[PDB]
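In what follows, chains carry the letters A, B, and so on, assigned in the order in which the sequence lines appear, proteins first and then strands, with residues in each chain numbered from 1. For the numbers below, each heavy atom of this structure counts, side chains included, while hydrogens, waters and symmetry mates do not.
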Amino acid sequence: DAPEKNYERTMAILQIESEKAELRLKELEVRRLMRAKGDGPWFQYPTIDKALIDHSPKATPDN
Amino acid sequence: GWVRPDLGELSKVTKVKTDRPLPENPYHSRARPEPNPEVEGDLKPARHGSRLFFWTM
Ligand SMILES: CCCCCCCCCCCCCCCCCC(=O)OC[C@H](COP(=O)([O-])OC[C@H](O)COP(=O)([O-])OC[C@H](COC(=O)CCCCCCCCCCCCCCCCC)OC(=O)CCCCCCCCCCCCCCCCC)OC(=O)CCCCCCCCCCCCCCCCC
C-alpha cells in the first residue's frame with residue numbers, strides 16, 4: 001500500500017471507532033437516566049390498563 | 001284516578017329535567033400525570049451497526 005492510502009484508511013478507521021465509542025458512552029448515560037427517571041421509552045414497566053374500568057352506573061350510587 | 005303501572009314500566013330508564021348543574025368533577029380527582037412522549041420520526045439504521053465490542057454490523 002501507498003503511505004497515503006494507509007494514512008487516510010487509518011483516519012477512516014479512527015473516525016468510525018471514535019464515533020462508536022462516543023455512542024457507547026451516550027448509550028450508558030441514556031440508560032442511566034431512563035432507569036432513574038422512568039420518563040423515556042425504556043424501562044417502562046406495566047401498569048393497569050385503564051380501559052378495563054367499567055364506567056357504568058352501578059347498583060349503589062356512591063362509587 | 002290512579003292507574004297501576006303495567007309489568008315492565010317501573011323498571012324503565014326515564015329522563016329527568018333538572019336545574020342543578022352537572023358535576024364536573026364528582027370523583028374530586030386531581031390533575032392526571034402527563035404521559036411519556038410517544039415515538040415519532042422515521043426509523044434510520046443503527047449508526048455503525050450493533051457497536052457490540054468489535055462487530056461492524
Ligand atoms: C452485487 C450483489 C452481489 C455482491 C457479492 C459480494 C461478495 C462476493 C464474494 C462472495 C463471498 C463473500 C463472503 C462474505 C464477505 C467477507 C466476510 C469476512 O471475511 O469478514 C471479515 C471479518 C472481519 O474482517 P474485516 O477486515 O474487518 O472486514 C472485511 C470485510 O469488510 C467484511 O465485510 P463486513 O465488514 O460487512 O463484515 C461483517 C462482519 C465483520 O466481522 C466483524 O464485524 C467482526 C466479528 C467477526 C466474528 C468473530 C468471531 C470470533 C469468535 C469465533 C471464531 C471462529 C473460529 C474460526 C473459524 C474456525 C474454522 C471453521 O461479519 C460478521 O459479523 C459475520 C461473522 C463472521 C463470518 C464471516 C463470513 C463467513 C462466510 C463463510 C463461512 C465459512 C467458514 C468461515 C469460518 C467460520 C467462522 C467465521 O474477518 C474476521 O472476523 C476473521 C475471520 C474470517 C471470516 C471468514 C472469511 C470468509 C470466507 C471464507 C472462505 C473459506 C472457507 C474455508 C472452508 C470452511 C472453513 C473450514
- Query: Would a hydrophobic clustering, with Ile, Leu, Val, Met, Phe, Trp and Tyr connected at side-chain separations under 4.5 Å, put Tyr45(A) with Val30(A)?
  - Reply: yes

- Message: So for atom CG, which belongs to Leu14(A), do other residues, nucleotides or ligands contribute more than 12 heavy atoms lying within a distance under 6.0 Å?
- Response: yes

- State whether the number of non-hydrogen atoms from other residues, nucleotides or ligands found under 6.0 Å of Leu52(A) atom CG is greater than 12. yes

- Query: So does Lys5(A) have more than 12 non-hydrogen atoms from other groups sitting under 6.0 Å from NZ?
  - Reply: no

- Item | Contact class of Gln44(A) relative to chain B, heavy atoms under 4.5 angstrom | side chain

- Count the heavy atoms of every other residue, nucleotide or ligand shown that sit under 6.0 Å from CZ of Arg9(A), and state whether that count exceeds 12. yes

- Under the side chain to side chain contact (heavy atoms under 4.5 Å, CB included) rule, what do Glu19(A) and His48(B) come out as? Steps first, then yes or no, please. CA-CA 8 Å; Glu19(A) 287 170 351; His48(B) 306 292; 2.9 Å; yes

- In Å and rounded to the nearest 0.5 Å, what is the NZ to CZ distance from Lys20(A) to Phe54(B)? 10.5 Å

- Query: When rounded to the nearest 0.5 angstrom, what is the spacing between CZ in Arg47(B) and CD in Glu22(A)?
  - Reply: 12.0 Å

- Query: Is the side chain of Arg24(A) donor-acceptor paired with the backbone N or O of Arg51(B) at a distance under 3.5 Å, no angle test?
  - Reply: yes

- Between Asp39(A) and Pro37(B), the two heavy atoms sitting closest are O-CD, 3.9 Å

